[PDB]
Each structure stands twice: as C-alpha cells, then as structure tokens.
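Sequence first, structure after, both from an experimental entry:
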Amino acid sequence: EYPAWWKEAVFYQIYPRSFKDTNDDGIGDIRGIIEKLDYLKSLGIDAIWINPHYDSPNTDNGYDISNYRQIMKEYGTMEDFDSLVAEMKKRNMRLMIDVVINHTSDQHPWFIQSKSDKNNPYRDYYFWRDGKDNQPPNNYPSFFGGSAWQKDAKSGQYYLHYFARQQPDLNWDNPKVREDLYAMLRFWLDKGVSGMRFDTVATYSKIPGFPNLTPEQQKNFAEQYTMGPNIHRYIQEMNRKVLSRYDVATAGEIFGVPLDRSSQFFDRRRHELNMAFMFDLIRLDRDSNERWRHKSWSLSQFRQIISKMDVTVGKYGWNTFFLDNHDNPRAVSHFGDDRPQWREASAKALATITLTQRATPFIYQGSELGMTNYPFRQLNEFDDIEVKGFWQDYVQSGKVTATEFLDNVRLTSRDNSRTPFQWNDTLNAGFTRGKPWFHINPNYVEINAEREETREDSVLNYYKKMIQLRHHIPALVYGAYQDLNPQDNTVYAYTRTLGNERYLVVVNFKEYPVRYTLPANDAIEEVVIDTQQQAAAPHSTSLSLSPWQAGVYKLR
C-alpha cells in the first residue's frame, strides 16, 4: 500500500501572475496568494504548487530564469515568500515550487559569461556547436518555432534551446552545473518548501553527438529529446545528493516520455521521483504533426488511456490526475461543455472524476469555479509564444490558413487558462483595481468565487464536497481501479476497491438522458453523492442519468 501524504493530498495549482493582485499594477503577486489562503483552506486544499516565482525577464512568464535565488520583482520580495511558507504552514498546507533547471534565461549570469568568450569558465555550462556549413548544427526543432539552435554572431557558433531563444539549455554533462543546481535546490528546501515540481525532467540529458533527426523523429521530436542516455543517471544523482535528504514530495513533468517509459521516473524502488505528470490523457485529442490542431476524441479513447495509465503505474509507482493547467485549455471547455446550458453540470461531472481517481488530483486555479476558455476575437489577443511560434511554422509557410489556424488555437492555446482569476463581480472580477495584465473573461459576471460561495448548487461547493469525500474515504485514494466497460462511449463507469469497501463512480458524458445497468451481481447500498440537487435515492440495479449526471455509490 505504501501510504504517503502526497498520495492522499489534494493539490491546487497557482499561476501567480493571474491569481490575485494586491498593489494594483495588474499582475498577480505573492501577497495575493497569502490573502486567499483561507479561501483555499476552506476549499479543502492540502498543498499548493506555484508556477515559477524567480527573477525572470518573463519571455516565458517565469520559465526563463535569470536568477534562481531571487524572487521575481513582479511577485514581491523574499519576505513575502517566507511569509507565504509561514502562513501556509500555520494552516497545515504544503508548498511545492516549480523547478526549472533544463534551461535558464539568456540573461542569467552563467549564460552572460558563457556567451562572452569561447574559453570563458562558464562556456561549458551550455551547448555551443558549429554549423558544419551555412546552416545550424543539425535539424533540431524548437517547441516555440523554428530551429533549436541560435547563432551567436560574436563567437560564430550556435547555442541550443529546445524552447525559447531566451532559454538556453543547461549542460548536465558538466559536473559543475549539476553541483550549482543542487546547491540552488537546498537553498529553497532549507527555507521550508515541502515539494518540487520539475519542469520537463525527461530532457536534462542530451543525445551524444547531436545526430540529425530522421523524417520520422522530426515529427515526434518531443519524444526524442527524452531519449537522453543519462536521464535516470542524473535524476538518481539529484535524489542521492538532494531529494533524499529532505522531506520533499516530487513531481516530474515527463512531456514526451512514452507511457511504457514513465515507470523509470516514479518507481519507488528506483529512488528518483515520487509521482509524475503524464500527458497521454490531456493531449489525447492533439494531432501528431500539428501540435496546435484539435481533433475529435471519444469516451472509449479517454477511459482506455486512463486504464493503461493505472496499469503502468502498477503497485510501485504513483500518478497525478489533472484535466488542465497553465499549458492547456480549460478543463470544462476541453473535456466537458462550456456552453451556458451545460457548463455547471459538465463541470460537476468532471469534478466527480477528478477526485475519485487512484492518483493525486491537481486542481488548476479557477476550474473549481468552472472557469472556461477565453473568447479570443483575433490572433493578436493571444500572448502565447507557442502560438506565435506555430503561426510562423504553419501560417507563414502556408501549411494552414489563418482562419483554420485561429479556430484551432482558440481551443488549444495555453492562454485559455491564463486569464485572471474571477473572484467576484466587481470591475476586473475583483482581481485588481488597475488594468489587468491579460484580458479577463466577460463571463466573470456569472462565473466568480463569491457568487458561487453562497449558492449550494454551485460548482465550487460541489468541489468542496468531492474533496471532503476524498479526505474521508480511503478507498477513493488507494482502492483498485476497475473500468466496468472500456468500450462504452456514453457512460463512464468504474469501481474503486479497497478490501471489501467498493465504490462505483458513474458519469453520463452525453447531453441526453441514459439508463445505466449495473453489473448483474452488483447492488447499490448507499449513495455517497451525485450532481442532481433533487434526485432521490435510486434503486439497486440501475440508474436513470440526466444529461452530464455524475455520482459516487457504495456497493455491497
């Protein structure tokens, strides 16, 4: 069974820039988070993961770090940070920070020096290569558009950046970089942080010789970058050196790692990472070649990916469960139906699922309210550099029309989840009194924390109840997972079994009523909860489900 606090906990993710502004400069800050801790405690949150909070030019809103030990000016001071840990600790909440060490900002002291000369001490802190000819070293693509190699006029060589140009990759091969990184980690751990979320941990190790990519590898380049020969070597070292020497829950974002390779990252026995963030589910409807394009998916596909994950996780690993985050579109829009008539119901349905999985649930800020995608009027309303990067590679190239491109990024852009949190119905949704740094969704007049707090049938209060059920029913945390019908495209039904305590979770994914027949030997003994306010106790053999109806039941 191997109990663990991080396995039973309910995590909340905060994107500071968009959580709460306290000085009215239009940007969310750390004091804003402090101000809302009571809101999150009442919600039932156990731990909080905050996106990057370090000094950064903000080319990638925090993921381009220029100083790992300094608090981002936009977010506040060290005192504010220390105060967050203290206030959180006071409320028995654990703080998990975002660790971005696959790369740094091109304005980081290490890169500034590395960039000054070919013989500078820090030259080997990054990857510099010569373009054998009148072009880059190889054909490596960048997640943010064009080549993953940037030419340095001065020296004449190219430096490597999987992501933005302003995000040069660190060289983990050099034992000096590793040590400076471990020192930096203990800096934060010594201050009380109880958890670390490692950004793109599968790409720390590069492929020796930087061979070119075959036509095939060109497509799934995201996966090739995880093919590093020293990845588990390095992560294991970081564990020995740091992780294993503090009580810290670790989560690794393994973007690009095939499912059959995730085990090596979270297998207890391997002493690497406690749990991981897989993307097989959240990206089930993304085209293979065009990462920005959305394609149709079905429930059978959805549930089948979940079964596979559970099997792969097995008895020795552990997983997280999330339907959205700062790099993806809103959960209700993506997996439910955000139209006015179905938003609440489908939101509650997804909530039911989110808190009854054999994984640690991560609730992204604002989705507990049923926040939705943003109504982007035109291309320039996106800040997403991934989008601007896609525009260059597919629209400038003529590979896709601007209209079709827009139709799609409207559904897949990470900016959908980056609009300011909606607290109440005052100007700017009570987020700020200044000008919001990024456009706020007009539906805030309907979807806002305050309004939902007083309404018993609100999405917020339903989330409160689901989290409360998870905190009180062990089976919902550790019970075995069983998909009663992997092929059904209408009703998602599964059991959670811990000994003789069996629970049944049912979700009507359709917008018309459906009658669900329980397995012949199964009987409903109790109703733990359901999305209908009225709906009385059903009988033992079947359920008449209304559109998007969800429920948890205890079986005999």
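Ah, there it is. Residues are numbered from 1 along each chain as shown.

CA atoms for contacts and neighbours, from now on please.
Fine.

And residue 466, how far from residue 348?
9 Å (C-alpha to C-alpha, to the nearest Å).

quick one: which of the two has more around it?
residue 348 (31 against 23; other C-alpha atoms under 10 Å).

Return the backbone torsion pair for the most centrally placed residue in the chain.
Nearest to the mean C-alpha position of the chain, by C-alpha atoms, centre = their mean, lies residue 325 at 4.1 Å. Main-chain torsions, residue 325, degrees, to the nearest 10: phi -180, psi -170.

do the same with residue 184
phi -60, psi -40.

My guess is it contacts residue 68. True?
Yes - contact criterion C-alpha atoms under 8 Å: residue 184 and residue 68 qualify, at 6.9 Å.

Give me the more crowded residue out of these two.
For residue 184 versus residue 68, the count of surrounding residues by other C-alpha under 10 Å is larger for residue 68: 22 against 14.

Give me the contact list for the helix or strand where the more buried one lies.
Assigned by DSSP states H and E, residue 68 belongs to strand 67-71. When contacts are taken as C-alpha atoms under 8 Å, 6 or more residues apart in numbering, the neighbours of strand 67-71 outside the stretch itself are 53-56, 77-78, 81, 108-109, 184, 187-188.

Can you report phi and psi for residue 221?
The phi/psi pair for residue 221 (degrees, to the nearest 10) reads phi -60, psi -30.

How many residues are close by it?
Neighbours of residue 221 (other C-alpha under 10 Å): 19.

Over to residue 210?
Per other C-alpha under 10 Å, the neighbour tally for residue 210 reads 12.

Okay, and it sits in which element?
Taking DSSP H and E as the definition, one finds residue 210 inside no helix or strand.

Who are the contact partners of residue 363?
By C-alpha under 8 Å, 6+ apart, the neighbours of residue 363 are 10-13, 322.

most neighbours, which of those residues?
Highest neighbour count within the contacts of residue 363: residue 11, with 25 neighbours (other C-alpha under 10 Å).

I'd say residue 530 and residue 552 touch.
Yes - taking contacts as C-alpha under 8 Å, residue 530 lies within contact range of residue 552: 6.3 Å.

and residue 238, what does it touch?
residue 182.

tell me the SS of it?
helix (DSSP: H, G, I helix; E, B strand; the rest coil).

Next one: it relative to residue 181, how far apart?
If you go by C-alpha to C-alpha, the gap between residue 238 and residue 181 works out to 9 Å.

which residues in the stretch 101-250 of the chain form strands?
Along the stretch 101-250 of the chain, counting by DSSP state E, counting those that start in this stretch, strands occupy 128-129, 149-151, 158-160, 195-198, 249-253.

Now the terminal residues of stretch 334-342, how far apart.
Counting by C-alpha to C-alpha, the terminal residues of stretch 334-342 are separated by 13 Å.

what about that stretch, distance to the chain center?
Stretch 334-342 sits 21 Å away from the centroid of its parent chain (C-alpha atoms, centre = their mean, to the nearest Å).

Can you point out the buried residues in that stretch?
Buried residues in stretch 334-342, counting neighbours by 16 or more other C-alpha atoms under 10 Å, are found at 334-338.

Out of those, name the two that are farthest from one another.
The span of these, defined through C-alpha to C-alpha, is set by 335 and 338 at 9.1 Å.

which among the buried residues of stretch 334-342 gets closest to residue 402?
Set against residue 402, the nearest of these by C-alpha to C-alpha is residue 334 (21.8 Å).

three-state assignment of the closest one?
helix.

OK, contacts around it?
residue 411.

Tell me how far it lies from residue 414.
Counting by C-alpha to C-alpha - residue 334 and residue 414 are separated by 12 Å.

and residue 48, how many neighbours?
Neighbours around residue 48, by other C-alpha under 10 Å: 24.

does it sit in a helix or strand, and which one?
Short version, using DSSP H and E: residue 48 is in strand 47-50.

Listing partners with orientation, what would you give for that strand?
Paired strands of strand 47-50, with direction, are strand 11-14 (parallel), strand 94-99 (parallel) (DSSP bridges).

quick one: the helix or strand just after it to chain centroid distance?
Downstream of strand 47-50, the next assigned helix or strand under DSSP H and E is strand 54-55. From the chain centre to the centre of strand 54-55 is a distance of 20 Å (C-alpha atoms, centre = their mean).

what do you get for stretch 419-427?
Remark: stretch 419-427 is offset 22 Å from the chain centroid, using C-alpha atoms, centre = their mean.

Would you mind putting the CA coordinates of that stretch into PDB?
Extracted in PDB, the C-alpha atoms of stretch 419-427 (Å, rounded to 0.1, in the frame of the first residue of the first chain):
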ATOM      1  CA  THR A 419      -6.800  34.900 -17.900                       C
ATOM      2  CA  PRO A 420      -7.000  36.400 -14.400                       C
ATOM      3  CA  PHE A 421      -8.900  34.500 -11.600                       C
ATOM      4  CA  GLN A 422     -12.500  35.600 -11.200                       C
ATOM      5  CA  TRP A 423     -13.100  36.500  -7.500                       C
ATOM      6  CA  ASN A 424     -16.400  38.500  -7.600                       C
ATOM      7  CA  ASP A 425     -18.400  40.600 -10.000                       C
ATOM      8  CA  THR A 426     -16.800  44.000  -9.300                       C
ATOM      9  CA  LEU A 427     -14.600  45.600 -12.000                       C
END
